[PDB]
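The block underneath contains the structure these notes are about, expressed in structure tokens.
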Protein chains: 4
Amino acid sequence: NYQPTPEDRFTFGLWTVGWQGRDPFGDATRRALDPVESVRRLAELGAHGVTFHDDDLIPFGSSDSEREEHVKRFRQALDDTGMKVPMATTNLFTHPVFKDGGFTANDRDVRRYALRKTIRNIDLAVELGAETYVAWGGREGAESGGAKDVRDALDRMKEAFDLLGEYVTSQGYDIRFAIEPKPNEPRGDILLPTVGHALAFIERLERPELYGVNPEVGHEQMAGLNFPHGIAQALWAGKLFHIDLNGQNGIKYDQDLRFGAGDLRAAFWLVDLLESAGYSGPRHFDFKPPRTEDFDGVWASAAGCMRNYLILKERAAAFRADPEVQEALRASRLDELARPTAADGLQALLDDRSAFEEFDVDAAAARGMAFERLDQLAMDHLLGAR
Amino acid sequence: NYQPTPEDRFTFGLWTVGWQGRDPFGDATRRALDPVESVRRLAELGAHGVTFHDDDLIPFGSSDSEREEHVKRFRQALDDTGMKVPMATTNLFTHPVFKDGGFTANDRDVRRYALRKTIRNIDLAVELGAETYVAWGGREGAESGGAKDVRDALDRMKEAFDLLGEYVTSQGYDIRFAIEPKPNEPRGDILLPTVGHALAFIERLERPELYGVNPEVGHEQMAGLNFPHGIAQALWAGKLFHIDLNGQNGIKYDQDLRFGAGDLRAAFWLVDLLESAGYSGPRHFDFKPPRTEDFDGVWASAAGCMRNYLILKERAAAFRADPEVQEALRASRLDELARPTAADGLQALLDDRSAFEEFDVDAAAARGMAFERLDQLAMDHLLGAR
Amino acid sequence: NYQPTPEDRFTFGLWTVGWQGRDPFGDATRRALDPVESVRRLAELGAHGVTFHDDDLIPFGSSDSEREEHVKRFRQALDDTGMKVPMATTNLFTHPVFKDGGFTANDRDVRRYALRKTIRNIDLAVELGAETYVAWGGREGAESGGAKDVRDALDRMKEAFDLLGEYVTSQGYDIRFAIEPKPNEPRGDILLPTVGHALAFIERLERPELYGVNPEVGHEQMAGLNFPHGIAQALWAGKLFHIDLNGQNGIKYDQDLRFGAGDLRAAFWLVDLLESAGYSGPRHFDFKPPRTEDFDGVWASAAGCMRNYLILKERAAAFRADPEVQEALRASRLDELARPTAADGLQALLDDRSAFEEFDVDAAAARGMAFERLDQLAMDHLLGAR
Amino acid sequence: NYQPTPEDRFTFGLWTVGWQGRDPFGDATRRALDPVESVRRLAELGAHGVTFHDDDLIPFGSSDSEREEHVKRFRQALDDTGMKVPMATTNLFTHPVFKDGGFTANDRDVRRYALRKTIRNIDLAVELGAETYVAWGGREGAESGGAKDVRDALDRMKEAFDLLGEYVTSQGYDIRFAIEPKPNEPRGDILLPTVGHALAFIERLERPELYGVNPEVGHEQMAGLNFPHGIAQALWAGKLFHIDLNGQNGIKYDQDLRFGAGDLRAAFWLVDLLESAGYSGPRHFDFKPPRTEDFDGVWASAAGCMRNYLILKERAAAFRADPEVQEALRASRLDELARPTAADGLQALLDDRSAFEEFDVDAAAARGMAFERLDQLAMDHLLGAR
């Protein structure tokens, strides 16, 4: 019954199950978790792998020798379990030095430090086998309009990502970058606030082929946007390098609920899209077990993430396989949407009286779309009520 | 006393001051305006020009004699007043035939009709002098997840815009296209919901140089986004072809308040940005005088749009000219933000011990950013307490 | 399979299935529906009854004779089907005379007219057997801060509802009032914007026992609030006289989706609460079949409303009946929440060292709440995956 | 030059200027402030007084010697400066023991401990001169629908507040309670989420005269609500015991910006309302200097709160005094709104043919409301263009 296996490619950040529960108005409720324990317990739950910020694995300010010992212990646990590390990222948001940003800090010396800290961890990520290096610019932005010249900040952002691309190209690394957009929190407004803005920015990088997006369910929903629609545009662009799964109740603080909570119908359509499109990347959960929970609740919440994905996968597959649903899709002309509008070309369209002078507007306007019957078939499938 | 004149390039849609007050819960409160009267009244208020949807000028279904008569009357008003027509657009949203979209309707015959209706109005727009042709895909989208395959819809949208670019290129027209993003309303979710999504889409068109964005204040605010930040990204990309100005109180239905209402501070930072950057396009008001108003109130509301822009322009200019503000900008290191992070190059950065091995993290972290003093100077200037 | 029956007390407004599809940016897509047809078709679907605004049943401006004929036809259809009319309301929002409100219009003559129009329809509602008279003040409010003195408007609101209470008391009618709060749309902000504000206002009426609330799913979700939580406070207060069911995707324009769409998990917890608490009033659907639909889609959407309520009722009943769920509720101490905190009294609490001086804060802080396991049992039940 | 003085009754929480900058994504950026220093600095800026949570003054877990020493130092600072303490509150949200609430924790022993912690601090508040005791139930609520039975929780909340009212009555204290509503954060949904819900709850307490509200600008705006409208309802009910002033950009995480930031127009209408109505309580700033700031920025931010209130007070006074505004208010019939609708009584209204049979609906509907001219006069005054 909806048991995950490592072939499902479910992954978790060390900082997810390891979140000690410190929140905007509260102290930690759980003791710290050894990454070695997280690797072992996630393996037992059926996960494929784990991910990390540099500072999750190596305490900030560690000597080279302490750093080697921390990585060695972690690698031993990976070797013992067969767990993978498909993605890594840099923490450029917790330390006070990054209070005005890393790559777009107004202070130039901070921008240079942020790049050096990142480059060091790209090397570590490559040693551990990561295929994707995520950048979440949580401190890039402003609370007030005068504090940040956004055109200059975008220049600095581009410069930073261009330098990082030069680094991985010069080193011959087979790792690619994924930009994680977020609209706000912790800054009043964050730069590159949605999947759209990030995709647009990537097209102006010197080596755009090296960069994609890492969209997160909750982040897009914090702007009230349709997450499956945004994922569709990322897939259409060839840029869905990674994805972050969790739950969110619309427009409020970043909740990081387990996947399936929040907007359940959006989670269904998301899984339908990922599976139909053949997305082959990690299904990464960037969530936080609520601080009400003890460690039994931590592992229950992590298990729930994977369970809900697998239930939704089954229901979406049943929906698509149902001949009654296929009939409803045809009745609603979803198949016709895939036909080119004018493969006959511009001149033929202009010459086609059936497209204007002889187009029966009122007859076309009278055609029902049959979308409600289609959506109720989807609801029936989601709820197992067919 | 903040009197607008045609040099200010303020423009209005016929459908703005001409809105009869119908809403989904309410019947019209004002009689219809003759476009000729709107042109004359707007000219008397100091406007530079007007804009139109095809259906605002030419009643839908008009014979070619009626269409000719309507255009001649409108042209005569333009000739009498000296009013310009810098922009036009197609109504692909009011008539029931467009209830599932124009360019991305599931029905192919509707997609072709939408293109032919647009092409006809591009010709008229060019005749009347428009430099920009706006596309607002208000019916492109869905209420339910199964109703629209967004990857197929993006293919159809690209095909449509590619054909339009072929048309203008083949005719030798100088006009360019501006895509108007909106996140929702009237569809549950609209395709290309933000400036970012539209900018990203444009980069995948066959002739991207022919396309930019027409962002609207209220649209981006309906997603909770920072409108000046989005305009900055459009300017950074070279894609701010046109702009729609109005007011909105954050995340709720599309209010179309007069410019300056809604988020007043955001309006200040917007005007500062447009004026600083040297934006030279129309300052177009896409707003609706509330239906509480008679026609005296319609013209007061239109005059208020321009008045508020001019007051804000003065305050932003005073802010930037103030020596105390120039000092505060230096204190907050806005000058450092404009400097390249690493013009010495990647290898020099990697070899620079001051950027990592010898970087004093705690000394850097102790530096205040002085953003609050800067913002209070901005507040003082906005409110005329400076 | 989830077939509704009239004993389920499902009701629909004439204006729901009869919505012709005119929306903020679009003309009607469907012809008008005869109320007699709506009564017959809703009866065939298993509905219990219908509801009406005065102007839905009797065209505004009808003579007494036309009014009698319209009501007679409608009553004949009710008599032929056994359908009931449990609720009625006044349209004080469509006609331009109400553009600044009915009961709180700034113009005093309009306020008096609004009351007379309402009183006439209370008489009709009583003739048709309505137990609840709903008041939705959709035009009560403002777009700008100077337009409406809210303290004076609340005085006028109270005066109006007090007069209506005097009327029903003097006539000896066994009908009660239900105030429908909404936060915005069509006004920029509406007076009494949530269930809370309406409950608070009712307590200051002269005859509070005559007044309750008619909360609507989407209305509370347009403020981002938790609809089941608000319903719980209404039930706690003894004030849930009626309820309006539909769907809404969080904070945007009022979508009026069919019940079950929008926030599906919130719909589950709502049905769980209504059924557990023993709510015995109508389950009224105030929804609009989307304008994409023909009349087959209208009736499908209406059927879907009832179907989704019944599926959710089954899943919530299964959840509560599951001994594993009951065990999880006890593990999370939901039963302990029902114990009085200090039925021993204030003095005993102050004297109880176990409540302060000997309270082991760290032992209590270490107790997990087990809420995630409980919520995953709820998810499993909702999706039929137990 | 808008200098605050103690006559203005501006107050600040120790936790405001004392916020060290920790957020869920970030470590502290400022060292801890001695409350004695905060009292002295706030006095130098012109503040009237300070407020505190128990835990801000007395480190949690302090012995009675340490508690005594801390209170004496604080009192000495109050005596030295003349600063008052008009309000105090209990911290029932930071410590992990409160992770499921204080008064509505599922565990009864926690509910009793929360009450005892509150009662102890009521005694201290009264000793230091507080007239208002605030309760912000930041942990009362849930992330999931099964975790909290809201009807039982409201019973427990009423029981707690009833006991507190018995305590103050039994001791003969003059202090009154003010409930601070908030819709979410740190819980997914908080109980009593808005001013309306809190006002409604108070009416069901045993001694309702002892309880009012402490609304906070940002809290109501986090639900998209109109804060001046909510304050008007609290004033109408006689329940505005205290008020918390800050800034917020609509629906997103709790930003706690300085007052005047966020929604500037709403701040103008708020100050107009408080001053017009003769509100005589503290003007309390519950804000956080952003973590980008050093201590010079902390004091600049605090000074800016008061400066912005005073500028707005001047502009609102100028608006109301302007003869042109008095004319515009008459043109918009704000005077008619203050007149009773039907002081002649129900029977006279029913018998008045001018209110119905002879009411000229279309003549009434033709009247403009002149709200746009009125609002532009308000804008002109706010911006000092008048």
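Any read-out appearing in this document is the output of simple, stated calculations on the displayed coordinates, not a laboratory observation. Methodologically, a virtual Cβ is constructed for each residue, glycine included, from the backbone with ideal geometry; neighbour enumeration extends over all protein chains shown.
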Seminar exercise, completed: Taking D:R108, A:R283, C:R320, A:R353 and counting other beta carbon atoms within 10 angstrom, the fewest-first order is A:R353, C:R320, D:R108, A:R283
Problem set entry | Relative contact order %, chain A, counting alpha carbon pairs below 8 Å whose residues are six or more apart | 14
Problem set entry | Computed over segment A:239-386: relative contact order in percent, which uses C-alpha pairs under 8 Å that are six or more apart | 22
Exercise. For the protein assembly as shown, rounded, prolate or oblate, judged on the Cα gyration tensor with a ≥ b ≥ c (square roots of eigenvalues), a/c < 1.5 rounded, else prolate if a/b > b/c?
Worked result: rounded
Seminar exercise, completed: One decimal, nm, nearest first: from B:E206 to the same residue in each other copy, label points 7 Å out along Cα→Cβ, the values are 3.3, 7.5, 8.1
Seminar exercise, completed: Among A:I231, A:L329, A:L346, the residue whose Cα sits farthest towards the positive end of the charge dipole of chain A, when +1 is placed on the Cβ of each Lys and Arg and -1 on the Cβ of each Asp and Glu, is A:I231
Problem set entry | Amide H contacts under 5 Å for A:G212, placed H, 5+ residues apart | A:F177, A:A178, A:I179
Exercise. Hey, how many Å between the Cα centroid of segment B:117-161 and the Cα centroid of segment B:192-227?
Worked result: 13
Problem set entry | Spin-label model distance (nm) - C:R120 vs B:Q171, 7 Å beyond Cα toward Cβ | 5.4
Seminar exercise, completed: Within 10 Å of the Cβ of an average residue in D:41-53, the count of other chain Cβ atoms is 0
Problem set entry | Size of charge dipole - chain A - debye, nearest 20, with Cβ of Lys, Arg +1 and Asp, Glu -1, no other charges | 760
For this session: Quick one: which residues, 5+ away or cross-chain, put their amide H under 5 Å from the amide H of C:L191? H built at 1.01 Å from N.
Result: C:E140, C:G141
Exercise. If you plug each phi of segment D:326-332 into the Karplus form 6.51 cos²θ - 1.76 cosθ + 1.60 with θ = phi - 60°, what whole-Hz ³J(HN,Hα) values come out, in order, with x for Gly and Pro?
Worked result: 4, 4, 4, 5, 5, 4, 8
Problem set entry | Shortest-first distances to equivalent copies, position A:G384, nm, label 7 Å out along Cβ | 0.8, 6.7, 6.8
For this session: Please give the FRET efficiency for C:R22 paired with D:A366, using the beta carbon to beta carbon distance and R0 = 22 Å, rounded to the nearest 0.05.
Result: 0.45
Exercise. Which net charge results when you count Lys and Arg as +1 and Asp and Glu as -1 among the other residues whose beta-carbon is under 12 Å from that of A:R176?
Worked result: -1
For this session: Determine ³J(HN,Hα), in whole Hz, for all residues of segment A:55-72 in sequence, where each value follows from phi through the Karplus function 6.51 cos²θ - 1.76 cosθ + 1.60 and θ = phi - 60°; x replaces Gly and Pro.
Result: 6, 6, 9, 10, x, 4, x, 6, 5, 4, 6, 4, 4, 4, 5, 5, 5, 4
For this session: Step through the residues of segment D:284-297 one at a time and calculate ³J(HN,Hα) from phi using the Karplus curve (6.51 cos²θ - 1.76 cosθ + 1.60, θ = phi - 60°), rounding each to whole Hz and writing x for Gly and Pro.
Result: 9, 9, 10, 9, 9, x, x, 6, 5, 9, 7, 6, 4, x
Exercise. For the pair A:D335 and A:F295, what calculated FRET efficiency results from E = 1/(1 + (r/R0)^6), where r is the Cβ-Cβ distance and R0 = 51 Å, to the nearest 0.05?
Worked result: 0.55
Problem set entry | Antiparallel DSSP beta bridges within the protein assembly as shown, as percent of all bridges there, nearest 5 | 15
For this session: Compute the label-point distances linking A:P59 to its equivalents in the other copies; points lie 7 Å from Cα along Cα→Cβ; give nm, one decimal, shortest first.
Result: 2.1, 8.1, 8.3
Exercise. In percent, how large is the relative contact order of segment C:67-134, given Cα pairs closer than 8 Å and 6 or more residues apart?
Worked result: 38
Seminar exercise, completed: Of every Cα-Cα pair in segment C:1-94, the percentage lying beyond 21 Å is 36
Seminar exercise, completed: Counting only DSSP loop positions in segment A:7-67, the trypsin sites (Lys or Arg not before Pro) whose Cβ has at most 14 other Cβ atoms within 10 Å are A:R31
Problem set entry | Cα-centre dipole for segment A:44-132 with unit charges at Cβ (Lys and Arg positive, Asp and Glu negative), debye to 20 | 360
Exercise. Using the beta-carbon distance between B:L350 and A:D79 and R0 = 25 Å, what value does 1/(1 + (r/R0)^6) give for FRET efficiency, to the nearest 0.05?
Worked result: 0.25
Seminar exercise, completed: Inter-chain shielding metric for D:179-190, i.e. average beta-carbon neighbours from other chains within 10 angstrom, reads 4
Problem set entry | Pairwise centroid distance, computed over Cα atoms, of segment D:293-368 with segment A:254-326, Å | 50
Problem set entry | GNM result for chain C, Cα springs below 10 Å: residue of C:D155, C:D56, C:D263 fluctuating most strongly | C:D155
Seminar exercise, completed: If you rotate chain B onto chain A, the residue of B with its Cβ nearest that axis, and the gap in whole angstrom, comes out as B:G196, 2
Seminar exercise, completed: Checked segment A:248-386 against the a/c 1.5 cut and the a/b vs b/c comparison, axes a ≥ b ≥ c from its Cα gyration tensor; verdict prolate
Exercise. Quick one: net charge of C:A355's neighbours, Cβ under 13 Å, K/R +1, D/E -1?
Worked result: -1
For this session: Would you mind checking which residues have amide H under 5 Å from D:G26's amide H? H placed 1.01 Å from N; only 5 or more apart, or other chain.
Result: none
Exercise. Roughly how many debye, to the nearest 20, is the charge dipole of the protein assembly as shown about its Cα centre, given +1 on each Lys and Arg Cβ, -1 on each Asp and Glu Cβ, and no other charges?
Worked result: 0
